[PDB]
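A short write-up of the structure that comes next.
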Number of protein chains: 2
Amino acid sequence: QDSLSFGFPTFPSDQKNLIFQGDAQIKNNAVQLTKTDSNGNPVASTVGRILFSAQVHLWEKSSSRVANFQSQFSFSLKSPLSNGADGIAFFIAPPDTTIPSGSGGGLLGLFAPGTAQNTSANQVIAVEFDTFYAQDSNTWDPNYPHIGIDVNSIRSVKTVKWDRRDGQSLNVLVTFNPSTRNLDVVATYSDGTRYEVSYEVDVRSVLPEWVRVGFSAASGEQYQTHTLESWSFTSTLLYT
Amino acid sequence: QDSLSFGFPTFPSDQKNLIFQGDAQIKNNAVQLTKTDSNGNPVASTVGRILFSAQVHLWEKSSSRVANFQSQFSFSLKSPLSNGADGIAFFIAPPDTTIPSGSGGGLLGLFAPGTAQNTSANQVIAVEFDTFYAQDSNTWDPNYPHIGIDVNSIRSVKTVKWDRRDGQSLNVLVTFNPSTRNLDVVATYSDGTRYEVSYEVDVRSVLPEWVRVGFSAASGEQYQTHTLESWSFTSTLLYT
Ligand SMILES: CO[C@H]1O[C@H](CO)[C@@H](O)[C@H](O[C@H]2O[C@H](CO)[C@@H](O)[C@H](O)[C@@H]2O)[C@@H]1O
Ligand SMILES: CO[C@H]1O[C@H](CO)[C@@H](O)[C@H](O[C@H]2O[C@H](CO)[C@@H](O)[C@H](O)[C@@H]2O)[C@@H]1O
Ligand SMILES: [Ca+2]
Ligand SMILES: [Ca+2]
Ligand SMILES: [Mn+2]
Ligand SMILES: [Mn+2]
């Protein structure tokens with residue numbers, strides 16, 4: 001289909017169109033990307049991702065069209081630790097994408113250690129909300145919590161300072177306009193605090209015509225829950 | 001998802017989200033539900049169906065919600081003859097639906113011979129565009145071409161006389177309103193000729209909470225092409 005849209009105001013346990021990978025599962029009408037014990041407390045060494053089952057037609061070589069898409073979602077992070085890790089990301093990748101071996105912790109379940117910073121070895125666009133930046137392990141990160149745009153590498157092509165707020169929901173709108181090739185990210189907390197970051201990228205040179213969209217999160221030695229609360233997505237092929 | 005929508009203005013050959021059953025295949029940017037020869041001419045004894053891969057949440061027992069839905073599509077029928085058969089139908093059924101054994105010809109690939117008129121043995125709602133009504137084989141049909149609403153039986157609960165026009169595209173709009181429980185069908189030819197048929201039905205007592213939507217067509221001894229040219233669908237779970 002040239003156009004596709006879907007909306008999850010909440011996430012009931014009865015799901016049919018979501019692909020669950022790793023430890024991701026539904027609990028209390030929300031998606032818990034990372035594992036939690038019986039009491040709902042976060043645990044270390046966990047990775048989980050979800051993908052919508054239907055493939056999205058991102059661009060069409062034959063017709064020279066590229067999709068205009070928008071992804072709106074909200075999530076919350078919670079941890080009794082002073083340095084919860086590692087973060088959550090909205091991503092777009094080839095339909096057969098699976099969790100890379102050893103992609104835990106700071107790799108957010110998106111990249112393999114050996115090629116995490118090799119742009120020619122990956123096919124993924126992601127918007128990360130990174131809460132762990134220890135310069136000793138996450139050497140590629142700026143020294144503060146941040147929102148980053150990742151294009152085929154864990155070392156973001158761009159980042160902006162972000163404030164992690166325990167237990168508070170962050171509303172995010174990610175948009176891509178094929179006319180300007182601008183990928184815009186706008187995130188807000190309920191008190192009006194706003195974060196914005198944009199990057200120009202030709203998705204045709206990074207991703208295949210058909211892709212899947214979803215979320216990924218991970219916790220290494222440090223941990224926190226990564227709770228996806230709602231998600232709506234829409235895409236439509238347009239003439240460029 | 002509480003809401004889902006998709007649109008196929010045309011049908012390019014590289015499809016990813018369509019389930020093809022029987023003889024259905026893409027040819028010339030359109031879906032040919034029934035088999036055709038090398039020169040594109042219709043052949044006898046053929047059945048074909050397509051279903052969208054993502055499941056639709058028609059109703060939810062927990063929230064007591066029921067979805068409204070709208071399906072818009074256009075198709076054309078062509079035959080060297082005139083008594084083209086057998087017809088095409090838009091249908092909704094359980095996700096694991098497959099072509100029933102011996103459902104060719106007048107059964108439109110939707111019902112099994114032994115239970116075609118047994119409402120307690122089927123789970124399907126369909127809007128049929130029936131062009132063959134010979135009483136020797138289609139005893140359940142009125143004596144003329146027609147559009148009918150089928151609820152668990154090949155014997156339509158409601159029909160309206162219809163005119164078959166070789167090679168002309170018929171634009172159809174099917175809508176279900178959960179508030180009134182009315183399933184409305186409006187079909188029109190380019191010159192404005194309009195056909196309307198409606199029926200009140202509680203989808204909750206006929207179909208499971210999750211379903212798949214699609215099209216089916218068949219040709220027994222008489223034949224014609226059943227070409228699906230475009231299709232858009234949208235559904236939203238609502239409180240009533
Ligand atoms: C206390 O953990 C920090 O220090 C440890 C010892 O140097 C590191 O092993 C550890 O790295 C792992 O956890 C972080 C945070 O979850 C993660 O980003 C990294 O990829 C490792 O999984 C961390 O630096
Ligand atoms: C000439 O075909 C008509 O008469 C035949 C002899 O009685 C029938 O077998 C035949 O029925 C089959 O074809 C029709 C039209 O395709 C179909 O509706 C029916 O299910 C049988 O397949 C038809 O009545
Ligand atoms: Ca990090
Ligand atoms: Ca018939
Ligand atoms: Mn980072
Ligand atoms: Mn009929």
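All values below were derived from every heavy atom in this structure, side-chain atoms included, with hydrogens, water molecules and symmetry-related copies excluded. Numbered from 1 within each chain, the chains take letters A, B, ... in sequence-line order.
For the atom pair CZ (B:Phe11) and CG (A:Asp2), the distance works out to 10.0 Å, reported to the nearest 0.5 Å.
More than 12 non-hydrogen atoms from other residues, nucleotides or ligands lie less than 6.0 angstrom from CG of A:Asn177. Around atom CG of A:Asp202, more than 12 heavy atoms belonging to other residues, nucleotides or ligands sit under 6.0 Å away.
Heavy-atom minimum distance, B:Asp14 versus A:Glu209: OD2-OE1, 4.4 Å.
Looking only at side-chain heavy atoms (C-beta outward), B:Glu60 and A:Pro12 come within less than 4.5 Å of each other.
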